[PDB]
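Engineer: One file: target21.txt (compact mmCIF, C-alpha atoms and all ligand atoms).
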# COMPACT_ATOMS: atom_id res chain seq x y z
CA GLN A 1 19.49 -18.69 8.38
CA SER A 2 18.31 -19.00 12.00
CA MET A 3 18.98 -15.30 11.79
CA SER A 4 16.47 -12.55 11.20
CA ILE A 5 16.95 -9.05 9.86
CA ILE A 6 15.08 -5.87 10.70
CA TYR A 7 15.66 -2.54 8.98
CA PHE A 8 14.89 0.67 10.81
CA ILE A 9 14.27 3.98 9.10
CA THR A 10 14.08 7.16 11.07
CA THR A 11 14.80 10.92 10.90
CA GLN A 12 16.54 10.68 14.30
CA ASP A 13 20.36 10.75 14.33
CA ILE A 14 21.15 7.08 13.66
CA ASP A 15 23.73 6.69 16.43
CA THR A 16 21.38 8.25 18.97
CA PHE A 17 18.68 5.93 17.70
CA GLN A 18 20.81 2.85 17.90
CA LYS A 19 21.91 3.70 21.43
CA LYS A 20 18.40 4.54 22.51
CA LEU A 21 17.00 1.35 21.01
CA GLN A 22 19.58 -1.00 22.52
CA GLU A 23 18.76 0.29 25.97
CA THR A 24 15.02 -0.05 25.41
CA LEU A 25 15.32 -3.47 23.77
CA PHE A 26 17.84 -4.81 26.31
CA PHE A 27 22.56 -14.31 21.43
CA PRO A 28 24.27 -11.62 19.38
CA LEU A 29 22.96 -8.27 18.16
CA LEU A 30 24.47 -7.04 14.94
CA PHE A 31 23.83 -3.38 14.18
CA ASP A 32 25.08 -1.94 10.94
CA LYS A 33 24.30 1.56 9.74
CA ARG A 34 24.10 1.76 5.97
CA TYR A 35 23.04 3.93 3.10
CA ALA A 36 20.82 2.81 0.25
CA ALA A 37 21.89 5.32 -2.45
CA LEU A 38 19.19 4.27 -4.87
CA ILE A 39 16.47 5.67 -2.58
CA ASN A 40 18.65 8.14 -0.76
CA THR A 41 17.91 6.56 2.58
CA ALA A 42 20.31 5.93 5.42
CA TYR A 43 19.03 3.09 7.63
CA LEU A 44 19.94 0.90 10.61
CA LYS A 45 20.16 -2.83 10.00
CA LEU A 46 19.81 -5.25 12.89
CA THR A 47 20.56 -8.95 12.76
CA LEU A 48 19.25 -11.07 15.58
CA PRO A 49 18.27 -14.67 16.23
CA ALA A 50 15.03 -15.74 14.65
CA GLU A 51 13.74 -17.01 17.97
CA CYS A 52 13.60 -13.44 19.15
CA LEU A 53 10.97 -12.45 16.66
CA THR A 54 7.79 -13.34 18.46
CA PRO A 55 4.30 -11.91 18.43
CA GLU A 56 4.99 -10.20 21.71
CA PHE A 57 8.23 -8.85 20.31
CA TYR A 58 6.44 -7.51 17.21
CA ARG A 59 3.66 -5.87 19.18
CA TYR A 60 6.29 -4.08 21.29
CA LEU A 61 8.45 -3.02 18.33
CA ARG A 62 5.37 -1.64 16.56
CA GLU A 63 4.10 0.27 19.58
CA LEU A 64 7.58 1.68 20.00
CA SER A 65 7.76 2.70 16.38
CA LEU A 66 4.56 4.67 16.84
CA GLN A 67 5.85 6.41 19.96
CA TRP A 68 9.23 7.31 18.54
CA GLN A 69 7.83 7.54 15.00
CA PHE A 70 10.05 5.32 12.94
CA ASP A 71 9.30 2.76 10.30
CA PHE A 72 10.84 -0.65 10.15
CA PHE A 73 10.73 -3.87 8.20
CA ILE A 74 11.29 -7.41 9.26
CA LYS A 75 12.98 -8.85 6.20
CA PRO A 76 10.80 -11.57 4.74
CA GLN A 77 12.35 -15.02 4.20
CA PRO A 78 12.42 -15.92 1.63
CA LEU A 79 12.53 -12.43 0.07
CA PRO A 80 9.97 -11.89 -2.68
CA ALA A 81 11.47 -11.98 -6.15
CA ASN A 82 10.41 -11.78 -9.84
CA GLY A 83 6.86 -11.39 -8.62
CA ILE A 84 3.97 -8.98 -8.63
CA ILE A 85 3.48 -5.81 -6.65
CA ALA A 86 -0.18 -4.83 -6.58
CA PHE A 87 -1.41 -1.39 -5.38
CA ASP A 88 -4.89 -0.29 -4.35
CA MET A 89 -5.64 3.05 -6.06
CA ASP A 90 -7.37 5.52 -3.75
CA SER A 91 -5.34 6.72 -0.75
CA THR A 92 -2.67 4.22 -1.74
CA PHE A 93 -1.23 4.72 -5.23
CA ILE A 94 -2.72 8.23 -5.23
CA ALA A 95 -3.24 10.38 -2.14
CA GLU A 96 -6.84 11.17 -3.04
CA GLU A 97 -10.23 9.51 -3.17
CA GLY A 98 -11.29 9.58 -6.85
CA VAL A 99 -15.05 9.50 -6.39
CA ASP A 100 -14.94 12.03 -3.52
CA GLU A 101 -12.91 14.33 -5.72
CA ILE A 102 -15.44 14.07 -8.50
CA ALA A 103 -18.17 14.83 -5.99
CA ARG A 104 -16.46 17.93 -4.70
CA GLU A 105 -15.89 19.13 -8.25
CA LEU A 106 -19.65 18.78 -8.79
CA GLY A 107 -20.88 20.37 -5.57
CA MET A 108 -22.04 17.04 -4.12
CA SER A 109 -19.59 16.33 -1.33
CA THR A 110 -22.37 16.25 1.25
CA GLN A 111 -24.60 13.83 -0.68
CA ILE A 112 -21.75 11.51 -1.47
CA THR A 113 -20.19 11.79 1.94
CA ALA A 114 -23.59 10.79 3.35
CA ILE A 115 -23.73 7.57 1.38
CA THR A 116 -20.28 6.88 2.82
CA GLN A 117 -21.86 7.63 6.19
CA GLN A 118 -24.43 4.89 5.84
CA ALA A 119 -22.02 2.21 4.66
CA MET A 120 -19.41 2.85 7.35
CA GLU A 121 -22.08 2.86 10.02
CA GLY A 122 -22.97 -0.54 8.62
CA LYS A 123 -26.35 0.71 7.52
CA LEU A 124 -25.53 -0.07 3.88
CA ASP A 125 -23.64 -2.62 1.78
CA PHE A 126 -20.37 -1.55 0.17
CA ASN A 127 -21.51 -2.55 -3.30
CA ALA A 128 -24.63 -0.47 -2.73
CA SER A 129 -22.32 2.28 -1.47
CA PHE A 130 -20.46 2.06 -4.76
CA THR A 131 -23.60 1.86 -6.92
CA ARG A 132 -25.30 4.75 -5.08
CA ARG A 133 -22.30 7.05 -5.40
CA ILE A 134 -21.87 6.18 -9.06
CA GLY A 135 -25.62 6.77 -9.54
CA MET A 136 -25.12 10.30 -8.17
CA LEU A 137 -22.64 11.01 -10.92
CA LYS A 138 -24.75 10.04 -13.91
CA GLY A 139 -24.22 12.50 -16.77
CA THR A 140 -20.71 13.65 -15.75
CA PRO A 141 -18.74 14.59 -18.89
CA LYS A 142 -15.63 12.58 -19.81
CA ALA A 143 -13.75 15.87 -19.65
CA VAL A 144 -14.59 16.65 -16.03
CA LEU A 145 -13.48 13.14 -15.05
CA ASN A 146 -10.27 13.42 -17.04
CA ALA A 147 -9.59 16.77 -15.44
CA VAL A 148 -10.22 15.34 -11.99
CA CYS A 149 -7.91 12.45 -12.79
CA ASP A 150 -5.27 14.88 -14.01
CA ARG A 151 -5.08 16.73 -10.70
CA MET A 152 -4.70 13.53 -8.65
CA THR A 153 -1.30 13.17 -6.99
CA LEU A 154 1.00 10.18 -6.96
CA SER A 155 1.75 9.03 -3.40
CA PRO A 156 5.32 9.90 -2.34
CA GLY A 157 8.23 7.64 -3.37
CA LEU A 158 6.53 5.89 -6.29
CA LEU A 159 8.40 7.82 -8.97
CA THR A 160 11.61 6.78 -7.31
CA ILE A 161 10.65 3.17 -6.60
CA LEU A 162 8.66 2.16 -9.72
CA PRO A 163 11.66 1.94 -12.11
CA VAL A 164 13.44 -0.12 -9.47
CA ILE A 165 10.51 -2.53 -9.14
CA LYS A 166 10.80 -3.07 -12.87
CA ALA A 167 14.63 -3.42 -12.72
CA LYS A 168 14.07 -6.15 -10.14
CA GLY A 169 11.85 -8.14 -12.44
CA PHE A 170 8.51 -7.52 -10.77
CA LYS A 171 5.25 -6.84 -12.54
CA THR A 172 3.19 -3.86 -11.28
CA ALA A 173 -0.60 -3.85 -10.94
CA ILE A 174 -3.33 -1.55 -9.76
CA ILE A 175 -6.25 -3.44 -8.23
CA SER A 176 -9.08 -1.24 -7.00
CA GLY A 177 -12.83 -0.73 -6.34
CA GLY A 178 -12.61 2.58 -8.23
CA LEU A 179 -13.46 3.79 -11.75
CA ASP A 180 -11.79 2.31 -14.81
CA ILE A 181 -11.37 5.68 -16.40
CA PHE A 182 -9.05 6.64 -13.57
CA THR A 183 -7.43 3.23 -13.29
CA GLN A 184 -6.57 2.83 -16.95
CA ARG A 185 -5.40 6.41 -17.20
CA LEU A 186 -3.09 5.90 -14.24
CA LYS A 187 -1.85 2.67 -15.72
CA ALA A 188 -1.00 4.18 -19.09
CA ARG A 189 0.36 7.34 -17.45
CA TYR A 190 2.94 5.40 -15.42
CA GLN A 191 3.60 2.35 -17.52
CA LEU A 192 2.07 -0.09 -15.02
CA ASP A 193 1.85 -3.64 -16.36
CA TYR A 194 -1.72 -4.29 -15.20
CA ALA A 195 -4.74 -2.40 -13.97
CA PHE A 196 -8.15 -3.71 -12.90
CA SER A 197 -11.14 -2.02 -11.28
CA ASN A 198 -14.89 -1.58 -11.57
CA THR A 199 -16.07 -0.57 -15.00
CA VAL A 200 -18.65 2.17 -15.52
CA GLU A 201 -19.58 2.70 -19.14
CA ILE A 202 -19.23 6.11 -20.71
CA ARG A 203 -21.51 6.77 -23.66
CA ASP A 204 -21.97 9.93 -25.78
CA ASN A 205 -19.12 11.23 -23.72
CA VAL A 206 -20.92 11.24 -20.40
CA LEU A 207 -20.81 8.82 -17.49
CA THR A 208 -23.62 6.26 -17.56
CA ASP A 209 -24.70 4.14 -14.61
CA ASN A 210 -23.96 0.93 -16.54
CA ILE A 211 -21.69 -0.76 -14.04
CA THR A 212 -20.02 -4.04 -15.16
CA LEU A 213 -21.16 -6.95 -12.89
CA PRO A 214 -19.98 -8.62 -10.72
CA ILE A 215 -18.68 -5.53 -8.89
CA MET A 216 -15.04 -5.39 -7.79
CA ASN A 217 -15.54 -5.67 -4.04
CA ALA A 218 -13.01 -6.79 -1.44
CA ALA A 219 -13.16 -10.51 -2.16
CA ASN A 220 -12.89 -9.77 -5.88
CA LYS A 221 -9.73 -7.72 -5.39
CA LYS A 222 -8.13 -10.75 -3.81
CA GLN A 223 -9.46 -13.02 -6.57
CA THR A 224 -8.07 -10.70 -9.27
CA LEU A 225 -4.71 -10.95 -7.52
CA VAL A 226 -4.96 -14.73 -7.36
CA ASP A 227 -6.00 -15.01 -11.00
CA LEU A 228 -3.20 -12.67 -12.13
CA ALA A 229 -0.60 -14.54 -10.22
CA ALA A 230 -1.95 -17.80 -11.72
CA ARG A 231 -1.72 -16.38 -15.18
CA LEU A 232 1.84 -15.15 -14.61
CA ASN A 233 2.80 -18.34 -12.78
CA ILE A 234 3.88 -16.41 -9.72
CA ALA A 235 4.06 -18.07 -6.28
CA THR A 236 2.26 -16.43 -3.41
CA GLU A 237 5.41 -15.72 -1.50
CA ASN A 238 6.44 -13.53 -4.42
CA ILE A 239 3.29 -11.43 -4.36
CA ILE A 240 3.55 -8.00 -2.74
CA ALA A 241 0.23 -6.05 -2.29
CA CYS A 242 -0.13 -2.55 -0.74
CA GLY A 243 -3.31 -0.91 0.58
CA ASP A 244 -4.75 1.41 3.21
CA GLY A 245 -8.41 0.32 3.76
CA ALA A 246 -10.60 -2.49 5.05
CA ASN A 247 -11.62 -3.44 1.48
CA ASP A 248 -7.91 -4.26 0.98
CA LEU A 249 -7.59 -6.79 3.84
CA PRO A 250 -8.43 -9.97 1.85
CA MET A 251 -5.97 -8.95 -0.84
CA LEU A 252 -3.25 -7.97 1.65
CA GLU A 253 -3.76 -11.05 3.80
CA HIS A 254 -3.46 -13.22 0.74
CA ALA A 255 -0.25 -11.60 -0.56
CA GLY A 256 3.01 -13.18 0.63
CA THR A 257 4.08 -9.74 1.77
CA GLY A 258 1.11 -7.45 2.54
CA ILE A 259 1.88 -3.82 3.25
CA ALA A 260 -0.38 -1.38 5.04
CA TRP A 261 0.20 2.10 3.76
CA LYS A 262 -0.66 4.83 6.23
CA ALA A 263 -3.57 2.54 6.90
CA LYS A 264 -6.86 2.47 8.76
CA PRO A 265 -6.65 1.20 12.37
CA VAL A 266 -8.33 -2.12 11.54
CA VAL A 267 -5.73 -2.72 8.82
CA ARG A 268 -2.75 -1.63 10.94
CA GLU A 269 -3.85 -4.37 13.35
CA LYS A 270 -3.96 -7.33 11.01
CA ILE A 271 -1.10 -6.29 8.71
CA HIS A 272 2.36 -6.14 10.20
CA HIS A 273 4.40 -4.75 7.33
CA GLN A 274 3.64 -1.01 7.33
CA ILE A 275 4.72 2.29 6.04
CA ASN A 276 3.67 5.02 8.42
CA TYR A 277 6.17 7.87 8.22
CA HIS A 278 7.97 7.69 4.84
CA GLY A 279 7.07 6.99 1.23
CA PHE A 280 7.03 4.02 -1.09
CA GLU A 281 10.80 4.35 -1.62
CA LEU A 282 10.83 1.99 1.40
CA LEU A 283 9.55 -0.95 -0.69
CA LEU A 284 13.23 -1.33 -1.56
CA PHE A 285 13.70 -3.24 1.74
CA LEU A 286 11.33 -5.90 0.62
CA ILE A 287 12.77 -6.54 -2.85
CA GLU A 288 16.53 -5.81 -2.69
CA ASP A 289 18.54 -8.55 -0.96
CA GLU A 290 21.79 -6.60 -0.92
CA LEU A 291 21.05 -4.19 1.90
CL CL A 301 -14.80 3.99 -4.19
NA NA A 302 -7.90 2.59 -0.81
Please express the file's structure as structure tokens.
Ligand SMILES: [Cl-]
Ligand code: NA
Structural biologist:
Amino acid sequence: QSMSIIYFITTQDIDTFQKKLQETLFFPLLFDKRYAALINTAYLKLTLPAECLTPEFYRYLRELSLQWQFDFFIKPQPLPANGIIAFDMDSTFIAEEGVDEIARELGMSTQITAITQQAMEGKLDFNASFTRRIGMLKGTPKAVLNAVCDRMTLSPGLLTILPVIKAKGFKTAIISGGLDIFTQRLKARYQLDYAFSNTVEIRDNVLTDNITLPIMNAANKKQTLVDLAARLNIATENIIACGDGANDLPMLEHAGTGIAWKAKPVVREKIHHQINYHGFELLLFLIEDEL
């Protein structure tokens, strides 16, 4: 137990990669090449003394993984189990940005992108970013929204990994600053256990600007995670959360195992579990002990 485990996943010939990585890396080093059939992924498993894993050692592994383009995971201890896995929606669970997609469907990509402009530049508050963009969409028919939702694409690996998450006794959640019409639809469409986001009322079949307060901002995404884990009696170390953006940091930093998915630079820097070059099939390494 004074041992640590790191899994490496790469498209490079695994023997070449092992060789190459021994030389660059340098106690006993145990390297075992293995194949996880369930996610059709051959990986390299390395066991090394826990002392070795240090902030300097992480930094270097990470930089190296970006130069040779591989993903890896430092096996958490303890491993999360019978817990929750929460996903942000936009650019995490789905590849797209829901509100941007609605905008483009409506000919308003410039207007909406501009509001995004002001908030990112720090000129505007994120809640006011959300309200403004929603305000621009007043009158959109339920059917346009549903159609937009229909053409959204699941992020890679989720079809494979979702049934496994369930088989491993985890609850799934979406927690997001997006629209409830999308969030609920995604939940029902994929059998997710929970789903929470902002709520914008739809009346007479068109989008209103009646937004449920308080708005689901970054701190509220965390708080929803906390409250859900409380309700389910789930310890923090058994909470996995995945996200790509700054409004995900509080939630990912709170989770026992926070995962940055193809994330923004500011997220890649605080969150050290990452998926950068493969899909969500890789969550296996954080929930299956027998690897
Ligand atoms: Cl949004
Ligand atoms: Na996101």
Engineer: Looking at A:113, A:208, A:22, A:233, which one is nearest to ligand CL 301 (chain A), with distances taken over all atoms listed in the file?
Structural biologist: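 Nearest candidate to ligand CL 301 (chain A) out of A:113, A:208, A:22, A:233: A:113.
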Engineer: So which one's closest to ligand CL 301 (chain A), A:126, A:8, A:27, A:43? Using only C-alpha atoms and all ligand atoms, please.
Structural biologist: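 Closest to ligand CL 301 (chain A), using only C-alpha atoms and all ligand atoms: A:126.
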Engineer: So how far away is atom CA of residue A:284 from atom CA of residue A:176, in Å?
Structural biologist: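 The value is 23.0 Å.
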Engineer: Do you have the atom CA of residue A:138-atom CA of residue A:209 distance handy?
Structural biologist: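 Straight-line distance from atom CA of residue A:138 to atom CA of residue A:209 works out to 5.9 Å.
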Engineer: If you count only C-alpha atoms, which residues fall within 12 Å of residue A:34, apart from same-chain ones fewer than 4 positions away, as an MDAnalysis selection string?
Structural biologist: chainID A and resid 7:9 14:15 40:46 290:291
Engineer: Within 7 Å of ligand CL 301 (chain A), which residues of chain A come that close, and what is the closest atom pair and distance in Å for each? Count all atoms listed in the file and give it as JSON lines.
Structural biologist:
{"residue": "A:99", "atom": "CA", "partner": "A:CL301", "partner_atom": "CL", "distance": 5.9}
{"residue": "A:130", "atom": "CA", "partner": "A:CL301", "partner_atom": "CL", "distance": 6.0}
{"residue": "A:177", "atom": "CA", "partner": "A:CL301", "partner_atom": "CL", "distance": 5.5}
{"residue": "A:178", "atom": "CA", "partner": "A:CL301", "partner_atom": "CL", "distance": 4.8}
Engineer: Quick one: distance from atom CA of residue A:66 to atom CA of residue A:157 in Å, one decimal?
Structural biologist: 20.8 Å
Engineer: Around (-10.5, 9.8, -14.8) in the file's frame, which residues reach within 7 Å when counting all atoms listed in the file? Return as a list in words?
Structural biologist: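 Residues satisfying the cut-off, written out: residues 145, 146, 148, 149, 181, 182 and 185 of chain A.
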Engineer: Store the residues picked out above, limited to C-alpha atoms, as a PDB file, in the frame of the given file.
Structural biologist:
ATOM      1  CA  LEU A 145     -13.480  13.140 -15.050  1.00  0.00           C
ATOM      2  CA  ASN A 146     -10.270  13.420 -17.040  1.00  0.00           C
ATOM      3  CA  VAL A 148     -10.220  15.340 -11.990  1.00  0.00           C
ATOM      4  CA  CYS A 149      -7.910  12.450 -12.790  1.00  0.00           C
ATOM      5  CA  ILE A 181     -11.370   5.680 -16.400  1.00  0.00           C
ATOM      6  CA  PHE A 182      -9.050   6.640 -13.570  1.00  0.00           C
ATOM      7  CA  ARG A 185      -5.400   6.410 -17.200  1.00  0.00           C
TER       8      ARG A 185
END
Engineer: Please identify all polymer residues within 8 Å of stretch 139-142 of chain A, counting all atoms listed in the file, omitting same-chain residues fewer than 5 positions from it, and present them as a list in words.
Structural biologist: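 That gives residues 202, 205, 206, 207 and 208 of chain A.
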